[PDB]
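Everything on this sheet refers to the single structure shown next.
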Amino acid sequence: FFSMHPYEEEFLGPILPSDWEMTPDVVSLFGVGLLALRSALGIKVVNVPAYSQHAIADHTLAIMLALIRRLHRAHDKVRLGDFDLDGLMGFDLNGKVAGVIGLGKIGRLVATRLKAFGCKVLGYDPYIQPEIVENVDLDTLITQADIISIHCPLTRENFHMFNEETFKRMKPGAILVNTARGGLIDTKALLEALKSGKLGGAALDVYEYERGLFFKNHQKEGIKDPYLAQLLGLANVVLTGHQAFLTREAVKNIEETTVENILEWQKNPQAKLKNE
Amino acid sequence: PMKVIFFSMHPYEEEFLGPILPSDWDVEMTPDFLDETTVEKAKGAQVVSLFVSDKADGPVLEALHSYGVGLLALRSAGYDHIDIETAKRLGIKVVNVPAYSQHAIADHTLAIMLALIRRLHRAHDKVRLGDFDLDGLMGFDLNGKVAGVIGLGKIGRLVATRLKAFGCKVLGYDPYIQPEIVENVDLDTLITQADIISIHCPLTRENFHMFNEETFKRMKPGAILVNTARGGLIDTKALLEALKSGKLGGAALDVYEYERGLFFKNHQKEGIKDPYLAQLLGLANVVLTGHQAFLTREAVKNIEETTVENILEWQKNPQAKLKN
Amino acid sequence: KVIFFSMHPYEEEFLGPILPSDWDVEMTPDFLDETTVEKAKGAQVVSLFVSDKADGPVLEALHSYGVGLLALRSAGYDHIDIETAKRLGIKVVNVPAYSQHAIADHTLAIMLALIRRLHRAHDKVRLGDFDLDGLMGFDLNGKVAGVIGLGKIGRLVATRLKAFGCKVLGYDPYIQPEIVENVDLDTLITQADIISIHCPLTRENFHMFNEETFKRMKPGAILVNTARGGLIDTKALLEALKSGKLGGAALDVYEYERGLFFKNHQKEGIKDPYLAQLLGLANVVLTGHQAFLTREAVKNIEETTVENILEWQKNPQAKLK
Amino acid sequence: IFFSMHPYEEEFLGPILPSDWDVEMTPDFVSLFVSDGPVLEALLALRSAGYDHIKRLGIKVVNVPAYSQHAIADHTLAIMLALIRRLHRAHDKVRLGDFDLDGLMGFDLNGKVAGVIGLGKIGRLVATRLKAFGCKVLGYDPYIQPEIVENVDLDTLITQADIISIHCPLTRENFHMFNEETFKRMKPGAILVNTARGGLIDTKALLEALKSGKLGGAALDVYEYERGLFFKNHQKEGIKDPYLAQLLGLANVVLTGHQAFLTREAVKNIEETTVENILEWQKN
């Protein structure tokens, strides 16, 4: 198994039997003949379903609630004995226009949560118009939504969807939430929107240019990435390193499925092995 | 020429007190909290408006009675910090803010909760060093977990409405209300079955230290306790012991017994002298906030508007509505 | 009446006591600009800090109140439109010499925190991470330390560095103290393991530490700046820092500090592009221009300010401009 | 044959080559850092200089004799200057955009009475630094009265020193030397520095002297009860030690995890010396 983490070995250890290091960076990365992908010529390839969407809709709200209630700020103030609540005032989500971009299973669940906090949940998707959301056009979402959260994949025209112009059309004070893909956001324009005060906040789980940075302990150096250092510096940014999947259920499932997938290709190397 | 001084003023407050919304006209504001060292700032004011960070004991009230103060406009629901009996012997009316935003408290409770389960407090500190390793940062899906709400007023109902949208099985206990949003069970069933417990009840003399050693022994191993209600409900020593031992998975706290002079104040010059607060903050399965569940624009607007209403209304008649 | 803008408790603890009763006194922690100049109405003396902005507009408003004295609680008149104040007729007075012992001590403090990697350990331990990896430094013993500028501050820093076992080189075209091996600047630049600047800023000094200067310094070297932020090109420092050519930087001053330092920006965070990148770097250490922030030096600033106001009548003062 | 290995040791142990034998070094608490009866058959490359254990080789039973005393006297002052100049506090403020210098005021060391307890090589080096900062340096030692220090009685150091730093070994009479009584006797506002031994201080009474405000500050690299805590990453749990959590939470405490030796010169010496000592026992 390639990029192995201890949070996988807790689940992936007791369920592996029969025949038989795991140095990170032969399974996944997010020579028998099978590559066991763990995301969501022929050189036999498989993949993991499920991958728990709940863990990502939960994180999405967690990160967005942390930002609006400024739990990142309070954390550092209370460590210092500074219990003055200045700069930690947020808003009630109740009555706020929540905007969901991408109405697959993660966007839907997020709209389910957002609905319960008392938001008016707008949403946009070229296919499916779910009941959970007042489906509207993208431009209307962009300009009317107090909160936008991105739950769509990254396509050639999706890149930098949030850029200097989208930031200009957005409601002043708006929170932008992204646990989908970092490429959907022009980090430079996001920092300029955040610094100038047009964008009220941002809560990111993903980051264009995250590749060699996330999932690794760079503690001996520090932050060499210029944009990451600026994101973490602003009070109105919350950021986590692509951990929106990291739940016991999701990992136990990723781990248990990966084992079955091998157990399927060795019980019969010629097949559809479910998640080919 | 009617003079009102505001003690323990904050920017998040003065920005929402309208202009001032002239209740009475002459207005002085200080960020400084009220005690014997500052009471004389109140000379000439008939109204003194306070926050929980202010101390109005006997000595301070005797000094306010002799400056002509007639009204104490408490910018809070709590009146713990006021010697009410002495102020009623002096003739000073006390008025409070009785209704915050219930949505603000519910929303903070969830925030505080997901912060703990997704280990956001640990990630915060990890990434500032460049440690983007995810070991130590795994949580669990609220989906399917059993969530137990204690106290089923609007706060508790709103908290249960949120949790149900995360996939939670929501249990609740409350002898005086049985809402449809919850499977009403018994308190012992909530204690023993719940993955996550959230408290949303007042404090009574039978309530005090409800979460004690025995209560922690009966809760499910690895359980999450969340307290935005009142810090008295939890025995902090026992909580610290249950947390260091592994029995309790985590705690998320907005309130703390012994907060009655620590919270709401910048103790930056010293640090954390409190023995229990220090051990709490260094623990990886604890999230903690300084009683900020109410700290939203919408709730602060309410508090200020109401305080303006309470002074505008005050005319020596015990129909002060929000009198105590 | 005397009004004090940008008052601090570490200041009022010292000038407050007795405060030789020159008329009625008012203090605000708030800093002076056009939104707050009103508080100076009725005052004849306005006392400032470097967090206060007194440009043309604000001086024309003060002049119209009868203010006749600017009591600057600092050495720098950088934040005062001096020519407009001299055209309006407002006298300006300052505190010329802090304590130099305080600057020298803070220089060494900030240096030893960088070299012993206390900033990293600080954050490590708070998480319960007592693993010493990433925390190794080196002995000051036998290292070559280069001091640039040899006034009392520079001399007092060499006096300290020599007690850590350091070989102390120094450059200064004026005076050659015995505490130091006087060398040429290029020898200091190329040979020093640790460099500490303690000179003023000239128009020929500006960005003295640029890319070229960083290319010429010894691989792995520690630079230290308690003097003036102008002397270092921050962009080049950041590049030298991210590449490994520069072992580290410890900084008390920063170009473009002139509106950021000395103010609580907690509500926002760090908007400055360079500050965020500096703080995220593990070989930095940075402080908010607090080299002077000792009781002894602060007592000096307040006493000298009291002396300056009491002295003010109408003749050119000891510390006029 | 190498136990309790750290990467800062591996940087140096390896280039010098331990080996053309096979050795292998796995870290876990014959290679014996500070971090037993039932020893099986044997054949002790301590890589230390301490008595954490009960041909005549040049360093005997094989420890590292020399070390770096500068590493510890440098760290001693670093820690001490960090606390007086409140660099821990500023570290956490500036991360927030909070550049207000309130609560970071220090004092000039110049003119302050510095007090050194134990006047061997670390204390002497420490007093040399301390002398250059402008301090009047006192010192106490039962043997030797160096001129670097105005030698005085222990009681006179305790009560007159603005700054105390401990540089003596821990003896069965020395345990809890800094207790409730010593803290009543010390000067109001004094800084206490300990890079020697944690047992020399009663942490509980230190926490009370600090909380009460009798003690102006404390700067520790060593801590009684540090054993299973220091040199280990406890990031998954938090800080379970009640006294450590309280120490870390005060603004007038600086603490570091026994890192006063961690310098390149010190570790290269410990590494080169260990190798030399094995090369001396194989040529017996």
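So you can find residues: chains in the structure tokens are A, B, ... in the order shown, residues in each start at 1, and ligands are numbered from 1 in order.
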
- Item | Neighbour list for residue 26 of chain A as a list in words, cut-off 8 Å, only C-alpha atoms, skip fewer than 5 positions in-chain | residues 1, 2, 31, 35 and 36 of chain A

Could you save those same residues with C-alpha atoms as an mmCIF file, in the first residue's frame?
data_model
loop_
_atom_site.group_PDB
_atom_site.id
_atom_site.type_symbol
_atom_site.label_atom_id
_atom_site.label_comp_id
_atom_site.auth_asym_id
_atom_site.auth_seq_id
_atom_site.Cartn_x
_atom_site.Cartn_y
_atom_site.Cartn_z
ATOM 1 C CA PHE A 1 0.000 0.000 0.000
ATOM 2 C CA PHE A 2 1.476 3.351 -1.048
ATOM 3 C CA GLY A 31 3.127 -5.052 -8.634
ATOM 4 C CA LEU A 35 -4.082 -0.858 -8.545
ATOM 5 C CA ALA A 36 -6.531 -0.344 -5.674
#

Please identify all polymer residues within 12 Å of residue 241 of chain C, counting only C-alpha atoms, omitting same-chain residues fewer than 2 positions from it, and present them as a PDB file with C-alpha atoms, in the first residue's frame.
ATOM      1  CA  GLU A 221      10.533  24.419   7.311  1.00  0.00           C
ATOM      2  CA  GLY A 222       7.305  26.321   7.619  1.00  0.00           C
ATOM      3  CA  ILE A 223       4.940  27.775   5.058  1.00  0.00           C
ATOM      4  CA  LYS A 224       6.857  28.591   1.887  1.00  0.00           C
TER       5      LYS A 224
ATOM      6  CA  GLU C 211      19.424  40.049  -3.224  1.00  0.00           C
ATOM      7  CA  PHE C 214      22.182  37.844   0.462  1.00  0.00           C
ATOM      8  CA  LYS C 215      24.115  36.105  -2.344  1.00  0.00           C
ATOM      9  CA  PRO C 219      25.488  30.111   3.575  1.00  0.00           C
ATOM     10  CA  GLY C 220      23.289  29.478   6.610  1.00  0.00           C
ATOM     11  CA  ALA C 221      23.802  32.912   8.226  1.00  0.00           C
ATOM     12  CA  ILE C 222      21.585  34.678  10.794  1.00  0.00           C
ATOM     13  CA  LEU C 223      20.602  38.327  10.143  1.00  0.00           C
ATOM     14  CA  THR C 234      11.918  42.286   2.642  1.00  0.00           C
ATOM     15  CA  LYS C 235      11.181  40.662  -0.704  1.00  0.00           C
ATOM     16  CA  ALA C 236      14.810  39.564  -1.058  1.00  0.00           C
ATOM     17  CA  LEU C 237      14.877  38.448   2.594  1.00  0.00           C
ATOM     18  CA  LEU C 238      11.773  36.299   2.028  1.00  0.00           C
ATOM     19  CA  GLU C 239      13.397  34.770  -1.068  1.00  0.00           C
ATOM     20  CA  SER C 243      15.687  29.022  -0.507  1.00  0.00           C
ATOM     21  CA  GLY C 244      18.028  28.053   2.365  1.00  0.00           C
ATOM     22  CA  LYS C 245      20.794  30.570   1.682  1.00  0.00           C
ATOM     23  CA  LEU C 246      19.795  32.471   4.820  1.00  0.00           C
ATOM     24  CA  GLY C 247      19.768  30.363   7.959  1.00  0.00           C
ATOM     25  CA  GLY C 248      17.352  32.785   9.559  1.00  0.00           C
ATOM     26  CA  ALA C 249      16.281  36.345  10.241  1.00  0.00           C
ATOM     27  CA  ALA C 250      15.240  37.861  13.583  1.00  0.00           C
ATOM     28  CA  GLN C 277       4.895  34.940   4.800  1.00  0.00           C
ATOM     29  CA  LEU C 278       7.482  35.919   7.405  1.00  0.00           C
ATOM     30  CA  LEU C 279       5.480  34.636  10.357  1.00  0.00           C
ATOM     31  CA  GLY C 280       4.781  31.328   8.625  1.00  0.00           C
ATOM     32  CA  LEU C 281       8.541  30.791   8.219  1.00  0.00           C
ATOM     33  CA  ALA C 282      10.234  28.673  10.897  1.00  0.00           C
ATOM     34  CA  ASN C 283      13.565  30.536  10.724  1.00  0.00           C
ATOM     35  CA  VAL C 284      12.166  34.017  11.469  1.00  0.00           C
TER      36      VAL C 284
END

Could you list, as a PDB file with N, CA and C atoms, in the first residue's frame, every residue of chain B that has an atom within 7 Å of an atom of chain A, counting only C-alpha atoms?
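Everything below was put into part-v1.pdb:
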ATOM      1  N   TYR B  12     -18.633  45.866  19.493  1.00  0.00           N
ATOM      2  CA  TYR B  12     -19.745  45.099  18.946  1.00  0.00           C
ATOM      3  C   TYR B  12     -21.092  45.529  19.527  1.00  0.00           C
ATOM      4  N   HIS B 103     -31.796  31.358  18.142  1.00  0.00           N
ATOM      5  CA  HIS B 103     -31.061  30.816  17.003  1.00  0.00           C
ATOM      6  C   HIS B 103     -29.549  30.963  17.182  1.00  0.00           C
ATOM      7  N   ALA B 104     -29.106  32.059  17.812  1.00  0.00           N
ATOM      8  CA  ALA B 104     -27.675  32.262  18.035  1.00  0.00           C
ATOM      9  C   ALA B 104     -27.092  31.187  18.949  1.00  0.00           C
ATOM     10  N   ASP B 107     -27.057  27.780  17.126  1.00  0.00           N
ATOM     11  CA  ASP B 107     -26.037  27.789  16.079  1.00  0.00           C
ATOM     12  C   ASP B 107     -24.636  27.656  16.655  1.00  0.00           C
ATOM     13  N   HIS B 108     -24.390  28.283  17.807  1.00  0.00           N
ATOM     14  CA  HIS B 108     -23.074  28.179  18.420  1.00  0.00           C
ATOM     15  C   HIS B 108     -22.846  26.776  18.948  1.00  0.00           C
ATOM     16  N   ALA B 111     -21.844  24.649  15.972  1.00  0.00           N
ATOM     17  CA  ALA B 111     -20.477  25.094  15.702  1.00  0.00           C
ATOM     18  C   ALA B 111     -19.471  24.475  16.665  1.00  0.00           C
ATOM     19  N   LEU B 114     -19.350  20.475  16.169  1.00  0.00           N
ATOM     20  CA  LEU B 114     -18.615  20.029  14.994  1.00  0.00           C
ATOM     21  C   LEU B 114     -17.146  20.437  15.063  1.00  0.00           C
ATOM     22  N   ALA B 115     -16.847  21.568  15.709  1.00  0.00           N
ATOM     23  CA  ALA B 115     -15.463  21.938  15.945  1.00  0.00           C
ATOM     24  C   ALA B 115     -14.723  20.830  16.677  1.00  0.00           C
ATOM     25  N   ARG B 118     -14.683  17.270  14.456  1.00  0.00           N
ATOM     26  CA  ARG B 118     -13.770  17.314  13.327  1.00  0.00           C
ATOM     27  C   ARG B 118     -12.382  17.810  13.718  1.00  0.00           C
ATOM     28  N   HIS B 121      -9.951  22.611  16.377  1.00  0.00           N
ATOM     29  CA  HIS B 121      -9.010  23.265  17.277  1.00  0.00           C
ATOM     30  C   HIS B 121      -7.604  22.700  17.121  1.00  0.00           C
ATOM     31  N   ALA B 123      -6.427  21.038  14.292  1.00  0.00           N
ATOM     32  CA  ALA B 123      -5.992  21.413  12.953  1.00  0.00           C
ATOM     33  C   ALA B 123      -5.502  22.853  12.919  1.00  0.00           C
ATOM     34  N   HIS B 124      -6.235  23.753  13.584  1.00  0.00           N
ATOM     35  CA  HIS B 124      -5.856  25.160  13.615  1.00  0.00           C
ATOM     36  C   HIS B 124      -4.398  25.297  14.018  1.00  0.00           C
ATOM     37  N   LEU B 129       1.842  25.747  12.009  1.00  0.00           N
ATOM     38  CA  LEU B 129       3.218  25.293  11.991  1.00  0.00           C
ATOM     39  C   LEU B 129       3.614  24.691  10.643  1.00  0.00           C
ATOM     40  N   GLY B 130       2.668  24.536   9.718  1.00  0.00           N
ATOM     41  CA  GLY B 130       2.921  23.784   8.513  1.00  0.00           C
ATOM     42  C   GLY B 130       2.751  22.287   8.659  1.00  0.00           C
ATOM     43  N   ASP B 131       2.182  21.815   9.768  1.00  0.00           N
ATOM     44  CA  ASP B 131       1.949  20.383   9.973  1.00  0.00           C
ATOM     45  C   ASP B 131       0.580  20.041   9.404  1.00  0.00           C
ATOM     46  N   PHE B 132       0.557  19.778   8.101  1.00  0.00           N
ATOM     47  CA  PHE B 132      -0.647  19.387   7.391  1.00  0.00           C
ATOM     48  C   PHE B 132      -0.848  17.872   7.387  1.00  0.00           C
ATOM     49  N   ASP B 133      -0.162  17.169   8.275  1.00  0.00           N
ATOM     50  CA  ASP B 133      -0.415  15.760   8.511  1.00  0.00           C
ATOM     51  C   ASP B 133      -1.766  15.596   9.194  1.00  0.00           C
ATOM     52  N   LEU B 134      -2.548  14.611   8.753  1.00  0.00           N
ATOM     53  CA  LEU B 134      -3.897  14.448   9.289  1.00  0.00           C
ATOM     54  C   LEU B 134      -3.978  13.502  10.492  1.00  0.00           C
ATOM     55  N   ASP B 135      -2.865  12.925  10.949  1.00  0.00           N
ATOM     56  CA  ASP B 135      -2.926  12.055  12.119  1.00  0.00           C
ATOM     57  C   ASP B 135      -3.334  12.878  13.335  1.00  0.00           C
ATOM     58  N   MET B 138      -8.955  12.825  12.865  1.00  0.00           N
ATOM     59  CA  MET B 138     -10.132  12.076  12.454  1.00  0.00           C
ATOM     60  C   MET B 138     -11.291  12.229  13.424  1.00  0.00           C
ATOM     61  N   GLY B 139     -12.472  12.466  12.867  1.00  0.00           N
ATOM     62  CA  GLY B 139     -13.699  12.432  13.631  1.00  0.00           C
ATOM     63  C   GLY B 139     -14.634  11.315  13.218  1.00  0.00           C
ATOM     64  N   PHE B 140     -15.942  11.577  13.275  1.00  0.00           N
ATOM     65  CA  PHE B 140     -16.962  10.591  12.965  1.00  0.00           C
ATOM     66  C   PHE B 140     -18.160  11.293  12.344  1.00  0.00           C
ATOM     67  N   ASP B 141     -18.941  10.538  11.570  1.00  0.00           N
ATOM     68  CA  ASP B 141     -20.150  11.086  10.971  1.00  0.00           C
ATOM     69  C   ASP B 141     -21.213  11.241  12.041  1.00  0.00           C
ATOM     70  N   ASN B 143     -24.031  11.285  11.213  1.00  0.00           N
ATOM     71  CA  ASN B 143     -25.016  10.393  10.618  1.00  0.00           C
ATOM     72  C   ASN B 143     -25.149   9.116  11.433  1.00  0.00           C
ATOM     73  N   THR B 161     -33.472  20.422  16.066  1.00  0.00           N
ATOM     74  CA  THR B 161     -33.769  20.615  14.648  1.00  0.00           C
ATOM     75  C   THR B 161     -32.498  20.566  13.815  1.00  0.00           C
ATOM     76  N   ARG B 162     -31.406  21.155  14.319  1.00  0.00           N
ATOM     77  CA  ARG B 162     -30.155  21.121  13.569  1.00  0.00           C
ATOM     78  C   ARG B 162     -29.594  19.710  13.505  1.00  0.00           C
ATOM     79  N   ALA B 165     -30.870  17.131  10.969  1.00  0.00           N
ATOM     80  CA  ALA B 165     -30.428  17.290   9.585  1.00  0.00           C
ATOM     81  C   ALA B 165     -29.017  16.752   9.339  1.00  0.00           C
ATOM     82  N   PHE B 166     -28.289  16.360  10.379  1.00  0.00           N
ATOM     83  CA  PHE B 166     -26.980  15.739  10.243  1.00  0.00           C
ATOM     84  C   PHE B 166     -27.069  14.214  10.224  1.00  0.00           C
ATOM     85  N   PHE B 263     -14.575  35.127  32.667  1.00  0.00           N
ATOM     86  CA  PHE B 263     -15.053  35.318  31.304  1.00  0.00           C
ATOM     87  C   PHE B 263     -15.255  36.802  31.000  1.00  0.00           C
ATOM     88  N   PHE B 264     -15.257  37.126  29.712  1.00  0.00           N
ATOM     89  CA  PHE B 264     -15.569  38.454  29.174  1.00  0.00           C
ATOM     90  C   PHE B 264     -14.477  39.490  29.420  1.00  0.00           C
ATOM     91  N   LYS B 265     -13.334  39.090  29.981  1.00  0.00           N
ATOM     92  CA  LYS B 265     -12.280  40.020  30.366  1.00  0.00           C
ATOM     93  C   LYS B 265     -10.949  39.617  29.740  1.00  0.00           C
ATOM     94  N   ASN B 266     -10.169  40.613  29.324  1.00  0.00           N
ATOM     95  CA  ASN B 266      -8.823  40.383  28.793  1.00  0.00           C
ATOM     96  C   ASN B 266      -7.822  40.316  29.951  1.00  0.00           C
ATOM     97  N   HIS B 267      -7.514  39.089  30.399  1.00  0.00           N
ATOM     98  CA  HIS B 267      -6.455  38.787  31.353  1.00  0.00           C
ATOM     99  C   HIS B 267      -5.092  38.561  30.680  1.00  0.00           C
ATOM    100  N   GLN B 268      -4.811  39.272  29.578  1.00  0.00           N
ATOM    101  CA  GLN B 268      -3.600  39.050  28.785  1.00  0.00           C
ATOM    102  C   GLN B 268      -2.322  39.250  29.596  1.00  0.00           C
ATOM    103  N   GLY B 271      -1.910  35.254  32.772  1.00  0.00           N
ATOM    104  CA  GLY B 271      -2.419  34.384  31.730  1.00  0.00           C
ATOM    105  C   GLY B 271      -3.663  33.685  32.202  1.00  0.00           C
ATOM    106  N   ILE B 272      -3.599  32.363  32.257  1.00  0.00           N
ATOM    107  CA  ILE B 272      -4.665  31.555  32.815  1.00  0.00           C
ATOM    108  C   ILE B 272      -4.202  31.094  34.190  1.00  0.00           C
ATOM    109  N   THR B 289     -15.126  28.056  24.581  1.00  0.00           N
ATOM    110  CA  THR B 289     -15.354  29.428  24.182  1.00  0.00           C
ATOM    111  C   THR B 289     -15.822  30.194  25.407  1.00  0.00           C
ATOM    112  N   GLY B 290     -15.626  31.507  25.353  1.00  0.00           N
ATOM    113  CA  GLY B 290     -15.888  32.370  26.485  1.00  0.00           C
ATOM    114  C   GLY B 290     -17.313  32.864  26.516  1.00  0.00           C
ATOM    115  N   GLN B 292     -19.834  32.860  24.467  1.00  0.00           N
ATOM    116  CA  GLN B 292     -20.147  33.688  23.309  1.00  0.00           C
ATOM    117  C   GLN B 292     -21.309  33.138  22.492  1.00  0.00           C
ATOM    118  N   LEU B 295     -23.303  35.802  21.087  1.00  0.00           N
ATOM    119  CA  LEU B 295     -22.578  36.858  20.388  1.00  0.00           C
ATOM    120  C   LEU B 295     -22.796  36.773  18.875  1.00  0.00           C
ATOM    121  N   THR B 296     -23.999  37.165  18.460  1.00  0.00           N
ATOM    122  CA  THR B 296     -24.298  37.467  17.064  1.00  0.00           C
ATOM    123  C   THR B 296     -24.917  38.850  16.927  1.00  0.00           C
ATOM    124  N   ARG B 297     -24.720  39.427  15.735  1.00  0.00           N
ATOM    125  CA  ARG B 297     -25.357  40.698  15.378  1.00  0.00           C
ATOM    126  C   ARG B 297     -26.820  40.747  15.819  1.00  0.00           C
ATOM    127  N   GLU B 298     -27.597  39.747  15.410  1.00  0.00           N
ATOM    128  CA  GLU B 298     -29.026  39.748  15.683  1.00  0.00           C
ATOM    129  C   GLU B 298     -29.312  39.751  17.180  1.00  0.00           C
TER     130      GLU B 298
END

- Extract, using only C-alpha atoms, all DNA, RNA and protein residues at most 9 Å from segment 302-312 of chain C, discarding same-chain residues fewer than 5 positions from it, and format them as a ChimeraX atom specification. /C:11-12,14-16,19-20,22,45,47,69-73,91,93-96,297,317-319

Okay, now the selection with N, CA and C atoms, as a JSON list (two decimals), in the first residue's frame?
[["chain", "number", "residue", "atom", "x", "y", "z"],
["C", 11, "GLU", "N", 2.75, 52.98, 29.83],
["C", 11, "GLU", "CA", 3.17, 54.38, 29.87],
["C", 11, "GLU", "C", 2.56, 55.14, 31.06],
["C", 12, "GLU", "N", 1.26, 54.96, 31.32],
["C", 12, "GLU", "CA", 0.61, 55.70, 32.40],
["C", 12, "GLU", "C", 1.02, 55.19, 33.77],
["C", 14, "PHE", "N", 3.93, 55.03, 34.55],
["C", 14, "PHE", "CA", 5.13, 55.80, 34.83],
["C", 14, "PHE", "C", 4.93, 57.31, 34.80],
["C", 15, "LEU", "N", 4.24, 57.87, 33.81],
["C", 15, "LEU", "CA", 4.05, 59.31, 33.87],
["C", 15, "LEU", "C", 2.85, 59.70, 34.72],
["C", 16, "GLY", "N", 1.87, 58.81, 34.84],
["C", 16, "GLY", "CA", 0.76, 58.99, 35.74],
["C", 16, "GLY", "C", 1.17, 59.38, 37.15],
["C", 19, "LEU", "N", 2.74, 62.89, 38.09],
["C", 19, "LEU", "CA", 2.51, 63.61, 36.83],
["C", 19, "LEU", "C", 2.51, 65.11, 37.10],
["C", 20, "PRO", "N", 3.68, 65.73, 37.21],
["C", 20, "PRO", "CA", 3.78, 67.11, 37.70],
["C", 20, "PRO", "C", 2.71, 68.05, 37.14],
["C", 22, "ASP", "N", 0.77, 69.85, 35.41],
["C", 22, "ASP", "CA", 0.66, 70.91, 34.41],
["C", 22, "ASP", "C", -0.78, 70.88, 33.91],
["C", 45, "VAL", "N", -1.52, 71.60, 24.69],
["C", 45, "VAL", "CA", -0.50, 70.60, 24.41],
["C", 45, "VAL", "C", -1.19, 69.31, 23.97],
["C", 47, "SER", "N", -0.02, 65.42, 23.20],
["C", 47, "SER", "CA", 1.07, 64.45, 23.27],
["C", 47, "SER", "C", 0.73, 63.21, 22.46],
["C", 69, "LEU", "N", 1.84, 72.87, 21.14],
["C", 69, "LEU", "CA", 2.92, 71.95, 21.46],
["C", 69, "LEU", "C", 2.53, 70.53, 21.07],
["C", 70, "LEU", "N", 3.37, 69.92, 20.24],
["C", 70, "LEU", "CA", 3.31, 68.49, 19.97],
["C", 70, "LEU", "C", 4.35, 67.79, 20.85],
["C", 71, "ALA", "N", 3.89, 67.10, 21.89],
["C", 71, "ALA", "CA", 4.78, 66.30, 22.74],
["C", 71, "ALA", "C", 4.88, 64.87, 22.21],
["C", 72, "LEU", "N", 5.85, 64.65, 21.33],
["C", 72, "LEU", "CA", 6.06, 63.34, 20.72],
["C", 72, "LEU", "C", 6.78, 62.41, 21.70],
["C", 73, "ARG", "N", 6.09, 61.35, 22.14],
["C", 73, "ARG", "CA", 6.64, 60.38, 23.08],
["C", 73, "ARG", "C", 7.55, 59.37, 22.40],
["C", 91, "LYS", "N", 4.88, 73.97, 17.91],
["C", 91, "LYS", "CA", 6.18, 73.43, 18.28],
["C", 91, "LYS", "C", 6.08, 71.92, 18.41],
["C", 93, "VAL", "N", 8.35, 68.53, 19.90],
["C", 93, "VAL", "CA", 9.43, 68.10, 20.76],
["C", 93, "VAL", "C", 9.38, 66.58, 20.88],
["C", 94, "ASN", "N", 10.53, 65.97, 21.15],
["C", 94, "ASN", "CA", 10.63, 64.51, 21.12],
["C", 94, "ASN", "C", 11.48, 64.02, 22.29],
["C", 95, "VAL", "N", 11.59, 62.69, 22.38],
["C", 95, "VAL", "CA", 12.48, 62.02, 23.32],
["C", 95, "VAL", "C", 13.70, 61.54, 22.53],
["C", 96, "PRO", "N", 14.88, 62.13, 22.73],
["C", 96, "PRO", "CA", 15.98, 61.85, 21.80],
["C", 96, "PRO", "C", 16.68, 60.53, 22.09],
["C", 297, "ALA", "N", 13.49, 52.20, 30.11],
["C", 297, "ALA", "CA", 13.42, 53.07, 28.95],
["C", 297, "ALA", "C", 12.09, 53.82, 28.87],
["C", 317, "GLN", "N", 13.28, 74.91, 21.94],
["C", 317, "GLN", "CA", 13.46, 73.98, 23.05],
["C", 317, "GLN", "C", 14.73, 73.16, 22.90],
["C", 318, "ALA", "N", 15.08, 72.44, 23.97],
["C", 318, "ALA", "CA", 16.23, 71.54, 23.90],
["C", 318, "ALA", "C", 16.04, 70.49, 22.82],
["C", 319, "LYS", "N", 14.80, 70.08, 22.58],
["C", 319, "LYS", "CA", 14.50, 68.97, 21.68],
["C", 319, "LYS", "C", 13.53, 69.37, 20.56]]

- Query: So which residues touch segment 243-259 of chain B within 7 Å, counting only C-alpha atoms, skipping near sequence neighbours fewer than 5 positions away, as a list in words?
  - Reply: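 Within the cut-off, the hits are residues 112, 113, 116, 221, 222, 223, 224, 225, 226, 227, 228, 229, 230, 231, 232, 285, 286, 287, 288, 289, 290, 291, 292 and 293 of chain B; 240 of chain D.
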
List as JSON lines every residue of chain B that is in contact with chain D, defined as an atom at most 6 Å from one of its atoms (using only C-alpha atoms), together with the nearest atom pair and the distance in Å rounded to one decimal, sorted by chain and then rising number.
{"residue": "B:136", "atom": "CA", "partner": "D:236", "partner_atom": "CA", "distance": 5.0}
{"residue": "B:269", "atom": "CA", "partner": "D:103", "partner_atom": "CA", "distance": 5.0}
{"residue": "B:270", "atom": "CA", "partner": "D:251", "partner_atom": "CA", "distance": 5.1}
{"residue": "B:271", "atom": "CA", "partner": "D:250", "partner_atom": "CA", "distance": 4.3}
{"residue": "B:272", "atom": "CA", "partner": "D:249", "partner_atom": "CA", "distance": 5.0}
{"residue": "B:278", "atom": "CA", "partner": "D:246", "partner_atom": "CA", "distance": 5.2}
{"residue": "B:279", "atom": "CA", "partner": "D:245", "partner_atom": "CA", "distance": 5.1}
{"residue": "B:282", "atom": "CA", "partner": "D:239", "partner_atom": "CA", "distance": 5.1}
{"residue": "B:283", "atom": "CA", "partner": "D:238", "partner_atom": "CA", "distance": 4.2}
{"residue": "B:284", "atom": "CA", "partner": "D:238", "partner_atom": "CA", "distance": 4.3}
